[PDB]
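Next comes input_35.cif, with mmCIF, C-alpha atoms; chains and numbers go by the auth columns.
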data_structure
#
loop_
_atom_site.group_PDB
_atom_site.id
_atom_site.type_symbol
_atom_site.label_atom_id
_atom_site.label_comp_id
_atom_site.label_asym_id
_atom_site.label_seq_id
_atom_site.Cartn_x
_atom_site.Cartn_y
_atom_site.Cartn_z
_atom_site.B_iso_or_equiv
_atom_site.auth_seq_id
_atom_site.auth_asym_id
ATOM 1 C CA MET A 1 13.096 21.298 2.938 0.00 1 A
ATOM 2 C CA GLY A 2 14.334 24.169 0.795 0.00 2 A
ATOM 3 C CA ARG A 3 11.942 23.200 -2.004 0.00 3 A
ATOM 4 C CA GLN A 4 8.229 23.954 -2.298 0.00 4 A
ATOM 5 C CA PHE A 5 5.619 25.281 -4.706 0.00 5 A
ATOM 6 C CA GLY A 6 6.557 28.680 -6.097 0.00 6 A
ATOM 7 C CA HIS A 7 10.110 28.144 -7.358 0.00 7 A
ATOM 8 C CA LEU A 8 9.953 24.624 -8.807 0.00 8 A
ATOM 9 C CA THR A 9 10.118 25.621 -12.489 0.00 9 A
ATOM 10 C CA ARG A 10 9.018 28.265 -14.999 0.00 10 A
ATOM 11 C CA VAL A 11 5.748 27.325 -16.724 0.00 11 A
ATOM 12 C CA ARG A 12 4.312 29.660 -19.353 0.00 12 A
ATOM 13 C CA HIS A 13 1.186 29.760 -21.536 0.00 13 A
ATOM 14 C CA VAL A 14 -0.419 26.592 -20.147 0.00 14 A
ATOM 15 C CA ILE A 15 -4.104 26.550 -19.175 0.00 15 A
ATOM 16 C CA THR A 16 -5.631 23.708 -17.167 0.00 16 A
ATOM 17 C CA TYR A 17 -9.255 22.865 -16.445 0.00 17 A
ATOM 18 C CA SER A 18 -10.574 20.613 -13.699 0.00 18 A
ATOM 19 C CA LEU A 19 -13.891 19.633 -12.145 0.00 19 A
ATOM 20 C CA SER A 20 -15.077 19.420 -8.577 0.00 20 A
ATOM 21 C CA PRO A 21 -14.884 15.824 -7.296 0.00 21 A
ATOM 22 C CA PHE A 22 -18.575 16.060 -6.355 0.00 22 A
ATOM 23 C CA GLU A 23 -19.619 17.052 -9.895 0.00 23 A
ATOM 24 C CA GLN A 24 -18.063 14.009 -11.592 0.00 24 A
ATOM 25 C CA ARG A 25 -18.462 10.257 -11.299 0.00 25 A
ATOM 26 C CA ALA A 26 -15.674 8.489 -9.420 0.00 26 A
ATOM 27 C CA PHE A 27 -15.882 5.371 -11.638 0.00 27 A
ATOM 28 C CA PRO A 28 -16.608 6.706 -15.139 0.00 28 A
ATOM 29 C CA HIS A 29 -16.579 4.141 -17.959 0.00 29 A
ATOM 30 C CA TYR A 30 -14.812 1.594 -15.769 0.00 30 A
ATOM 31 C CA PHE A 31 -15.285 -1.492 -17.946 0.00 31 A
ATOM 32 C CA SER A 32 -16.200 0.501 -21.065 0.00 32 A
ATOM 33 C CA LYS A 33 -12.621 1.678 -21.645 0.00 33 A
ATOM 34 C CA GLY A 34 -10.605 0.365 -18.693 0.00 34 A
ATOM 35 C CA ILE A 35 -10.838 -3.252 -19.850 0.00 35 A
ATOM 36 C CA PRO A 36 -9.795 -2.408 -23.449 0.00 36 A
ATOM 37 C CA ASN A 37 -7.004 -0.355 -21.871 0.00 37 A
ATOM 38 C CA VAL A 38 -5.576 -3.246 -19.836 0.00 38 A
ATOM 39 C CA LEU A 39 -5.474 -5.378 -22.975 0.00 39 A
ATOM 40 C CA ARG A 40 -3.483 -2.589 -24.628 0.00 40 A
ATOM 41 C CA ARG A 41 -1.161 -2.286 -21.626 0.00 41 A
ATOM 42 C CA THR A 42 -0.577 -6.040 -21.332 0.00 42 A
ATOM 43 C CA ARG A 43 0.304 -6.433 -25.016 0.00 43 A
ATOM 44 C CA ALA A 44 2.811 -3.577 -24.776 0.00 44 A
ATOM 45 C CA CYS A 45 4.695 -5.526 -22.082 0.00 45 A
ATOM 46 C CA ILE A 46 3.988 -9.228 -22.695 0.00 46 A
ATOM 47 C CA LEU A 47 6.855 -9.392 -25.205 0.00 47 A
ATOM 48 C CA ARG A 48 9.312 -8.153 -22.555 0.00 48 A
ATOM 49 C CA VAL A 49 7.836 -9.760 -19.410 0.00 49 A
ATOM 50 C CA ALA A 50 6.552 -13.214 -20.375 0.00 50 A
ATOM 51 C CA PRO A 51 9.592 -14.758 -22.180 0.00 51 A
ATOM 52 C CA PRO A 52 11.959 -14.357 -19.195 0.00 52 A
ATOM 53 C CA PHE A 53 9.484 -16.107 -16.885 0.00 53 A
ATOM 54 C CA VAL A 54 8.381 -18.668 -19.474 0.00 54 A
ATOM 55 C CA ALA A 55 11.980 -19.905 -19.502 0.00 55 A
ATOM 56 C CA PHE A 56 11.994 -20.327 -15.717 0.00 56 A
ATOM 57 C CA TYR A 57 8.996 -22.660 -15.902 0.00 57 A
ATOM 58 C CA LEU A 58 10.856 -24.672 -18.540 0.00 58 A
ATOM 59 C CA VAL A 59 13.757 -24.915 -16.092 0.00 59 A
ATOM 60 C CA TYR A 60 11.261 -25.865 -13.373 0.00 60 A
ATOM 61 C CA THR A 61 9.587 -28.529 -15.514 0.00 61 A
ATOM 62 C CA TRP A 62 12.978 -30.063 -16.401 0.00 62 A
ATOM 63 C CA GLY A 63 15.108 -29.510 -13.304 0.00 63 A
ATOM 64 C CA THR A 64 12.476 -31.237 -11.180 0.00 64 A
ATOM 65 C CA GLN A 65 11.880 -34.014 -13.721 0.00 65 A
ATOM 66 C CA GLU A 66 15.570 -34.952 -13.776 0.00 66 A
ATOM 67 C CA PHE A 67 15.747 -34.920 -9.969 0.00 67 A
ATOM 68 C CA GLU A 68 13.113 -37.645 -9.628 0.00 68 A
ATOM 69 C CA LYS A 69 14.840 -39.635 -12.376 0.00 69 A
ATOM 70 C CA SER A 70 18.050 -39.580 -10.332 0.00 70 A
ATOM 71 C CA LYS A 71 16.215 -40.875 -7.258 0.00 71 A
ATOM 72 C CA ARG A 72 14.639 -43.559 -9.446 0.00 72 A
ATOM 73 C CA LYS A 73 16.776 -46.686 -9.584 0.00 73 A
ATOM 74 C CA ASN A 74 18.159 -47.839 -12.909 0.00 74 A
ATOM 75 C CA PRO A 75 18.321 -51.415 -14.242 0.00 75 A
ATOM 76 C CA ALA A 76 22.035 -52.053 -13.650 0.00 76 A
ATOM 77 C CA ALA A 77 21.716 -55.504 -12.071 0.00 77 A
ATOM 78 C CA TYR A 78 23.806 -57.293 -14.715 0.00 78 A
ATOM 79 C CA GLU A 79 27.323 -58.718 -14.175 0.00 79 A
ATOM 80 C CA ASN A 80 26.107 -60.313 -10.910 0.00 80 A
ATOM 81 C CA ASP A 81 23.306 -62.673 -12.043 0.00 81 A
ATOM 82 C CA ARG A 82 22.547 -65.794 -9.978 0.00 82 A
ATOM 83 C CA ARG B 1 -34.159 45.002 5.542 0.00 398 B
ATOM 84 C CA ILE B 2 -30.692 46.008 6.761 0.00 399 B
ATOM 85 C CA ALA B 3 -31.963 46.661 10.292 0.00 400 B
ATOM 86 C CA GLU B 4 -33.385 43.114 10.390 0.00 401 B
ATOM 87 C CA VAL B 5 -29.972 41.459 9.901 0.00 402 B
ATOM 88 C CA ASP B 6 -28.206 40.205 13.029 0.00 403 B
ATOM 89 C CA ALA B 7 -25.497 37.691 13.901 0.00 404 B
ATOM 90 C CA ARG B 8 -27.889 34.734 13.703 0.00 405 B
ATOM 91 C CA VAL B 9 -29.031 35.704 10.202 0.00 406 B
ATOM 92 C CA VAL B 10 -25.456 36.187 8.986 0.00 407 B
ATOM 93 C CA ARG B 11 -24.383 32.850 10.464 0.00 408 B
ATOM 94 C CA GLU B 12 -27.336 31.077 8.842 0.00 409 B
ATOM 95 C CA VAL B 13 -27.122 32.846 5.472 0.00 410 B
ATOM 96 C CA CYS B 14 -23.350 32.427 5.131 0.00 411 B
ATOM 97 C CA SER B 15 -23.461 28.751 6.120 0.00 412 B
ATOM 98 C CA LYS B 16 -26.052 28.180 3.371 0.00 413 B
ATOM 99 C CA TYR B 17 -23.995 29.540 0.453 0.00 414 B
ATOM 100 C CA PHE B 18 -20.390 29.290 1.693 0.00 415 B
ATOM 101 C CA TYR B 19 -20.069 26.307 4.023 0.00 416 B
ATOM 102 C CA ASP B 20 -19.361 22.966 2.327 0.00 417 B
ATOM 103 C CA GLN B 21 -20.049 24.202 -1.204 0.00 418 B
ATOM 104 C CA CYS B 22 -17.956 23.594 -4.305 0.00 419 B
ATOM 105 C CA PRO B 23 -16.276 26.876 -5.324 0.00 420 B
ATOM 106 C CA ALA B 24 -15.177 28.073 -8.746 0.00 421 B
ATOM 107 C CA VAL B 25 -11.528 29.136 -8.973 0.00 422 B
ATOM 108 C CA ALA B 26 -9.909 31.262 -11.682 0.00 423 B
ATOM 109 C CA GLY B 27 -6.187 31.966 -11.743 0.00 424 B
ATOM 110 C CA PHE B 28 -3.765 33.969 -13.839 0.00 425 B
ATOM 111 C CA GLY B 29 -0.036 34.571 -13.689 0.00 426 B
ATOM 112 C CA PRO B 30 2.456 32.771 -11.435 0.00 427 B
ATOM 113 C CA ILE B 31 -0.055 30.455 -9.782 0.00 428 B
ATOM 114 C CA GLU B 32 2.298 27.591 -8.969 0.00 429 B
ATOM 115 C CA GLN B 33 1.725 28.132 -5.247 0.00 430 B
ATOM 116 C CA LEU B 34 -2.064 28.184 -5.791 0.00 431 B
ATOM 117 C CA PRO B 35 -3.290 25.170 -3.787 0.00 432 B
ATOM 118 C CA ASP B 36 -4.874 22.146 -5.409 0.00 433 B
ATOM 119 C CA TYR B 37 -8.652 22.122 -5.722 0.00 434 B
ATOM 120 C CA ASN B 38 -9.036 19.392 -3.105 0.00 435 B
ATOM 121 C CA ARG B 39 -7.012 21.576 -0.750 0.00 436 B
ATOM 122 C CA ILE B 40 -9.288 24.457 -1.761 0.00 437 B
ATOM 123 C CA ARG B 41 -12.458 22.362 -1.492 0.00 438 B
ATOM 124 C CA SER B 42 -11.537 20.961 1.927 0.00 439 B
ATOM 125 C CA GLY B 43 -11.074 24.514 3.192 0.00 440 B
ATOM 126 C CA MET B 44 -14.835 25.083 3.207 0.00 441 B
ATOM 127 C CA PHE B 45 -15.283 23.232 6.524 0.00 442 B
ATOM 128 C CA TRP B 46 -13.483 23.073 9.861 0.00 443 B
ATOM 129 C CA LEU B 47 -12.635 20.335 12.400 0.00 444 B
ATOM 130 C CA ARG B 48 -12.005 17.922 9.508 0.00 445 B
ATOM 131 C CA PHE B 49 -13.746 15.020 11.296 0.00 446 B
#

So that I can check it, write out the structure of this file as structure tokens.
Amino acid sequence: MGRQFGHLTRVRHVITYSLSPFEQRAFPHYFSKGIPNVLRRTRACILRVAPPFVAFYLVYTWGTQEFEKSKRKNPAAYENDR
Amino acid sequence: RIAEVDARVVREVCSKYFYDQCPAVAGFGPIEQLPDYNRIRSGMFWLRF
């Protein structure tokens, strides 16, 4: 579509190395460094992700609590008596 | 030794070193178009199935 490898950009003085997929393990150090990585990733975002959704649960735990209280009858039987 | 080579030998010998073997690729210059290694590796065999 008028754009393909060959004219994308001008790259100079960059050397890359790579291995054959058959000469390297597909799952290298999965839990050795992947698990410590996810802890690093989660911390970097838990201060921007959790607080917005923590508030929603607070709305949930209060909006639903008040709704049942409305359906619950209140002791307003005075002024009629026997 | 040359007179003992035929089509069957060439087909067998080539398929032992070339077919479905991981190649080593070296590039230099404007090699943006140079296909990815998986594209290069998958070119060692035909019929893809």

With the cut-off set at 9 Å and counting all atoms listed in the file, tabulate each residue of chain B with an atom at most that distance from an atom of chain A, showing the nearest atom pair and its distance in Å to one decimal, ordered by chain and increasing number, as CSV.
residue,atom,partner,partner_atom,distance
B:419,CA,A:20,CA,6.6
B:420,CA,A:20,CA,8.2
B:421,CA,A:20,CA,8.7
B:426,CA,A:12,CA,8.7
B:427,CA,A:6,CA,7.9
B:428,CA,A:6,CA,7.8
B:429,CA,A:6,CA,5.3
B:430,CA,A:5,CA,4.9
B:431,CA,A:5,CA,8.3
B:432,CA,A:5,CA,9.0
B:434,CA,A:20,CA,7.5
B:435,CA,A:21,CA,8.0
B:438,CA,A:20,CA,8.1

Correct to one decimal, the distance atom CA of residue A:78-atom CA of residue A:63 is 29.1 Å

Pairwise distance, atom CA of residue B:418 with atom CA of residue B:444, equals 16.0 Å

Between atom CA of residue A:45 and atom CA of residue A:59, measure the distance and give it in Å to one decimal.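 Calculated distance between atom CA of residue A:45 and atom CA of residue A:59 is 22.2 Å.
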